[PDB]
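Chemist: Dropping the structure in here first, questions after.
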Amino acid sequence: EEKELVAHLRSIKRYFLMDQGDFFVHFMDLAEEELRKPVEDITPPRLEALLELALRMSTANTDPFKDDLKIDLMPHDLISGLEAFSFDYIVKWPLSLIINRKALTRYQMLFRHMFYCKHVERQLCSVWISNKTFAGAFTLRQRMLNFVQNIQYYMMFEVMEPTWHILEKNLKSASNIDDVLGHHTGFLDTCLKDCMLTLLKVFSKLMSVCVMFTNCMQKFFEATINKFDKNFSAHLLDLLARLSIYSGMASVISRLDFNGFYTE
Amino acid sequence: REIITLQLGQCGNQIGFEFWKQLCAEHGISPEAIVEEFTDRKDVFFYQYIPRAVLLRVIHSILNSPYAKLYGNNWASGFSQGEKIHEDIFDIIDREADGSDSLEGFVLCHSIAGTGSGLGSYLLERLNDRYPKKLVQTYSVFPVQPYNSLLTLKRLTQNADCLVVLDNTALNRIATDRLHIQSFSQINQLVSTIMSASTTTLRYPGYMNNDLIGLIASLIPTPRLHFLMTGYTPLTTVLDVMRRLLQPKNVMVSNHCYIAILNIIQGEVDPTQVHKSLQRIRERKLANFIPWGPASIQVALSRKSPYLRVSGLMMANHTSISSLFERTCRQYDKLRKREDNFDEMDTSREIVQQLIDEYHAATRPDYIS
Amino acid sequence: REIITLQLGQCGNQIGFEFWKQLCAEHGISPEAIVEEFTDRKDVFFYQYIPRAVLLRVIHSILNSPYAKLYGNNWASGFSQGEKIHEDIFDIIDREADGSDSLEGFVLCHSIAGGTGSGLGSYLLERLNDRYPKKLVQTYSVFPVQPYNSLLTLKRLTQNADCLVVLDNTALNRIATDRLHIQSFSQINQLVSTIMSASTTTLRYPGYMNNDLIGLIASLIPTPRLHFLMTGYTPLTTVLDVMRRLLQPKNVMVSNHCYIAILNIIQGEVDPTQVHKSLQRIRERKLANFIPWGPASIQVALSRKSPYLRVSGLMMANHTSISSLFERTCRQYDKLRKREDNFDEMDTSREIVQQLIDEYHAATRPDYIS
Amino acid sequence: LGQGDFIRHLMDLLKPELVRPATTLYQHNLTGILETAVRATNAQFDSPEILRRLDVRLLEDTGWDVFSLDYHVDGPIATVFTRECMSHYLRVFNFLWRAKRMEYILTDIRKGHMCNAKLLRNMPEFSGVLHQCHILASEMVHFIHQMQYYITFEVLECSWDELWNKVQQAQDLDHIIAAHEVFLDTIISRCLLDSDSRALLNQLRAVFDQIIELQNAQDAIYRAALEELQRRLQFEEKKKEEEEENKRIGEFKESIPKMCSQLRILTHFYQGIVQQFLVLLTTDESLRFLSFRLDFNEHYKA
Ligand SMILES: Nc1nc2c(ncn2[C@@H]2O[C@H](COP(=O)(O)OP(=O)(O)O)[C@@H](O)[C@H]2O)c(=O)[nH]1
Ligand SMILES: Nc1nc2c(ncn2[C@@H]2O[C@H](COP(=O)(O)OP(=O)(O)O)[C@@H](O)[C@H]2O)c(=O)[nH]1
């Protein structure tokens with residue numbers, strides 16, 4: 001009731017899990033040119049001025065706790081400039097027992113993994129208009145767009161959402177703080193497990209050919225489009241081979257292919 | 001990113017005037033353009049509140065309506081007069097463009113059946129000249145009539161980056177079957193239900209689909225196959241809604257397979273049985289897709305306006321839309337054998353034949369090359 | 001320091017009377033020029049209460065108004081008649097001037113569209129530049145044989161008046177049809193008086209800065225030629241929203257290009273700590289451009305609303321686009337010069353306004369100097 | 001100086017006095033001037049008690065270096081100020097007095113130019129060098145008219161708000177002293193009057209000096225054009241000889257490029273002391289809000 005917690009966890013979810021859409025489509029649109037620059041070249045006084053302006057102009061203006069978002073450029077990538085950006089959240093004392101630096105970097109580990117997948121299909125969909133006024137790349141763009149927009153749907157409505165839906169109800173029947181401290185870390189270790197965050201590094205290298213293919217099309221050859229095909233399609237088949245060999249982690253295949261394609 | 005809409009002809013005005021009325025009520029906005037006290041993103045269509053519309057004798061009917069404080073029959077007559085006011089109507093669109101922060105699209109509402117046909121053919125040509133990076137979606141409505149209809153299709157197949165078909169014939173059936181009307185003042189109520197529920201994901205921000213180019217690039221795989229049809233069941237679980245959208249009784253259309261499906265569920269249904277229904281739809285095989293490329297079905301949830309129960313809308317890219325063209329193509333040749341160059345009609349005739357062939361080639365396991 | 005205002009012609013007299021009505025309502029002063037019981041520095045525009053006005057048919061309308069206790073169509077005819085009564089009006093002007101402790105300026109409210117007010121204001125500006133050499137002259141001129149009178153007024157205003165504020169009836173009528181739904185003079189004059197009263201807000205309510213007319217003038221006008229300003233009034237809530245709605249072309253009373261100087265006046269009770277964040281974000285998003293040669297910035301100041309009478313705001317800009325308007329007049333003059341004692345004064349006027357338009361067009365270049 | 005209305009009139013009356021050297025200045029004369037200002041401005045409608053303590057004091061050159069107000073306070077109220085708040089206010093009042101005369105100078109120059117061009121607008125050979133006199137002004141008044149805002153909004157209106165907020169809720173007179181004592185440790189810090197920010201203030205003084213040197217090199221170029229104009233008026237009004245003046249008019253045109261080399265070297269040194277000033281701000285946090293005020297539209301920093 002006082003210094004409420006359930007009305008405090010929702011605010012973190014809007015930015016960390018990127019629930020709020022109006023805030024990111026307007027932030028990356030403003031702070032893109034200033035993120036492609038390399039690391040140790042961008043002034044944080046320039047980013048934070050855009051973050052503050054991104055919140056107020058968006059529909060996140062109705063948020064009492066919005067003033068606790070800080071920019072934190074990580075030194076290491078998800079083992080520069082763009083791959084070294086992640087929000088940071090500062091909280092007061094009494095709530096710091098629940099959401100602390102030990103269990104906030106986890107919110108910051110599954111954020112960059114979603115800011116990467118949101119960035120690629122943001123520009124992959126941007127080349128969609130440039131070509132529309134040499135003609136065999138449209139059927140390859142279909143192979144990557146129907147992959148990221150089939151991972152994002154599984155990553156947002158059938159992974160974190162279900163776990164979050166449980167946590168909200170699982171905090172109405174709490175009895176003591178060392179239980180809430182269990183229903184929380186019991187929610188972060190599940191999101192990091194159902195997602196590919198726990199190894200499965202083939203996804204990391206799989207994303208390289210997607211973003212790089214956007215660069216080739218942005219340079220406007222015919223022997224290079226077909227070169228990406230044999231390279232990306234081979235990397236995708238390595239994924240479904242390892243995603244299938246297990247004891248959901250199996251329903252993901254039904255999301256990747258729906259027409260019986262990739263039956264090889 | 002803002003979307004400035006256009007309304008041409010008696011049709012475009014009437015559907016747009018009733019589209020805004022559906023939106024003005026879905027938000028807490030009085031018809032006096034004043035917010036009522038009574039979270040929903042409203043900046044895309046409204047400018048801080050005024051709608052971003054550029055209309056073009058029905059106008060007087062709007063100026064007498066309580067919403068006054070919110071703002072021949074030849075295809076050649078439409079294209080000719082549109083050239084005489086080239087600078088007039090482009091003054092308005094340009095002054096409305098730069099005043100906006102960052103323009104995104106041009107949702108254009110016009111019927112291809114008098115002056116809206118010839119004028120809309122003129123605009124879709126002129127927009128691609130000056131604005132080369134702006135999407136142009138059109139909510140065209142299907143009904144000398146064969147001539148004016150197909151001539152717009154020449155422009156709508158190479159200029160408009162999207163198109164949503166809504167034929168009055170299939171609508172009239174649903175007007176007769178489940179509404180028992182026998183009127184324009186009634187079928188437009190269904191059209192306004194389709195137009196408003198189409199952009200429900202832009203006005204209510206969710207996980208994805210926070211921009212118009214997100215709804216477009218997912219369905220339309222190639223620049224040519226850019227025609228979409230709609231499906232709206234409520235006239236109860238997610239399985240109840242998903243099964244009804246795929247029935248041919250609900251589609252607003254009078255081998256064959258789908259290309260991409262997007263489901264809009266505006267209910268408060270818990271997001272846990274969303275994957276179970278998709279799993280079931282695959283098993284019973286209620287719909288088939290293209291064999292060549294990987295085609296998947298996507299479902300999206302949203303939140304109903306509290307100021308105004310489960311609904312559902314489906315954006316479909318179906319090859320069976322090629323049938324509507326053939327009806328236009330057929331009646332043209334009959335009028336071509338019944339009666340300064342008359343070459344534009346024949347040149348338009350050729351490109352429509354290229355399109356229909358592309359559809360019937362899309363259902364082949366070797367559509368590539 | 002006391003400011004004396006002058007009202008010429010029908011338009012000038014009407015807007016001045018409505019401005020005085022608004023200002024008397026803002027303070028506790030009854031129409032009978034008696035203070036009502038019910039901090040606001042009122043000595044600048046009022047004399048201990050009587051306003052410092054010099055009115056020059058509608059005078060009968062004012063005398064029949066409840067505020068009685070408060071006091072041809074050619075340019076050449078106006079100039080001649082103003083020359084005829086030089087001493088008569090200047091005795092009044094001089095007695096009202098030397099009666100004041102320390103005079104500061106001469107606010108002139110008149111319409112340059114046509115009639116006798118145009119030529120009379122021309123003559124008065126010339127004679128005031130002659131007699132008083134140390135008095136600033138600001139002019140709330142209102143824009144509409146009309147092109148002749150207008151261009152002559154511009155010729156006299158581009159060298160004499162040390163400042164000027166434009167007001168076009170076309171933009172006012174556009175705003176009236178848009179957001180007031182009028183289809184009248186007595187309706188657009190309301191908005192005009194609102195803008196005018198909000199213009200001199202910082203002089204009547206003392207703040208940290210802007211306690212004198214020079215504080216408002218010398219900040220904006222960088223060179224003696226570029227002395228034409230435009231106005232914007234957004235409230236028809238944070239300061240960022242106000243500043244974002246102000247820079248929209250939808251509100252500016254004006255029918256490459258860049259800015260020379262911007263001034264914002266905020267009359268609300270807003271939190272004054274978010275203004276620097278507002279300016280930071282405005283610079284970030286790059287909503288407005290500045291001159292490339294000299295360092296030009298935007299200034300913002302706050303004030304207090306009249307308690308006897310909510311967040312409002314006004315913007316005064318020095319935009320190079322204003323020259324466009326002159327061009328139209330110029331153009332029309334040429335069209336009037338080829339369709340029909342010496343008739344050379346109009347030619348000199350055309351010459352000097354061409355000079356001014358050329359200077360404006362050269363101001364937006366990275367090498368405007370020299 | 002939070003009144004503005006009163007300090008404006010007070011700077012117009014002390015102008016004829018302080019220009020003289022300090023040796024001819026005696027305190028008993030200035031009090032009549034101060035009393036006159038309080039009667040003229042809006043400060044007359046004020047509590048008579050607080051007006052009994054407002055007086056003058058003479059610091060121990062020129063009259064603009066030894067004048068300052070004191071507002072001495074004795075009695076029970078003296079346990080809040082404690083002889084140290086009165087030794088900090090005068091340490092602040094000097095910085096607000098300098099940054100106030102450096103502005104009323106730059107609105108006097110900007111007033112001269114509005115009456116200057118209304119006289120000598122008939123000499124097309126002089127506007128070439130008169131122009132450099134305008135640009136250097138409008139480039140100099142920006143640096144001052146912007147620093148005035150950082151003084152108002154980011155030093156006074158912001159640091160005073162954290163004081164009136166910790167007073168209407170404080171109590172026991174020991175949360176008031178501690179709230180008023182830190183209110184004098186931020187203003188000394190937000191202004192450049194700190195101890196470790198010495199290199200910054202002495203750098204600002206040079207910019208304060210260049211404003212005076214312009215005001216001295218301006219009237220010299222201004223008056224030299226009015227003499228030649230006045231002679232040119234009388235050299236033709238009495239007669240309406242011709243060869244003995246063309247050499248005087250001819251040499252007058254030859255002295256113009258000499259004056260142009262002054263304003264060309266004065267400007268090129270003014271920009272060299274401001275572009276050096278900004279580098280010193282990147283040193284302790286609230287100063288960053290000043291770098292944006294000056295560098296708006298990036299007129300500097302290339
Ligand atoms: N769905 C629908 N279609 C309409 C409506 N009103 C008109 N239409 C269509 O618009 C066509 C007539 O266009 P018309 O008004 O003559 O265009 P105009 O010449 O520009 O005025 C008809 O074929 C109708 O199919 C309406 O209320 N609803
Ligand atoms: N904006 C505005 N302009 C006015 C108003 N009344 C008159 N005018 C302008 O004044 C002009 C007429 O001036 P006029 O009275 O004939 O001048 P006179 O011959 O000296 O009396 C018209 O062109 C109008 O544009 C008013 O109430 N508002």
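Residue positions begin at 1 at the first shown residue.
Quick check of the header: electron microscopy, 4.3 Å.
Using the three backbone atoms N, Cα and C, a Cβ is placed for every residue, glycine included.
Pulled from Swiss-Prot, these are the listed features:
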- C:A113, C:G114, C:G115, C:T116, C:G117, C:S118, C:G119: GTP binding site (BINDING)
- C:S102: phosphoserine (MOD_RES)
Chemist: Measuring Cα to Cα, how many angstrom lie between C:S102 (phosphoserine) and C:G117 (GTP binding site)?
Modeler: 28
Chemist: Taking the recorded positions one at a time (C:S102, C:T116, C:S118), which has its Cβ surrounded by the most other Cβ atoms within 10 Å?
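Modeler: Comparing the recorded positions C:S102, C:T116, C:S118, the most crowded Cβ belongs to C:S118.
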Chemist: So around the GTP site, C:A113, C:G114, C:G115, C:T116, C:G117, C:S118, C:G119 aside, which residues have their CB within 8 A of the centroid of those CB atoms?
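Modeler: Output for this site, in sequence order: C:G9, C:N73, C:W75, C:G78, C:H110, C:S111, C:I112, C:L120, C:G121, C:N149, C:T153.
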Chemist: Who sits close to C:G119 (GTP binding site): which same-chain residues at least 6 apart have their Cβ under 8 Å from its Cβ?
Modeler: C:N74, C:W75, C:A76, C:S77, C:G78, C:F79, C:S80, C:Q81, C:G82, C:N149, C:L152
Chemist: Are any of the recorded positions C:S102, C:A113, C:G119 near ligand 2, with a Cβ under 6 Å from it, and if so which?
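Modeler: Near ligand 2, sequence order: C:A113.
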Chemist: If you count the other Cβ atoms within 10 Å of each Cβ, which of the binding-site residues C:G114, C:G115, C:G117 comes out on top?
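Modeler: Of the binding-site residues C:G114, C:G115, C:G117, the highest Cβ count within 10 Å belongs to C:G117.
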Chemist: Taking the Cβ of C:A113 (GTP binding site) as centre, how many other Cβ atoms lie within 10 Å?
Modeler: 20
Chemist: For C:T116 (GTP binding site), what is the secondary structure state per DSSP, taken as helix, strand or coil?
Modeler: helix
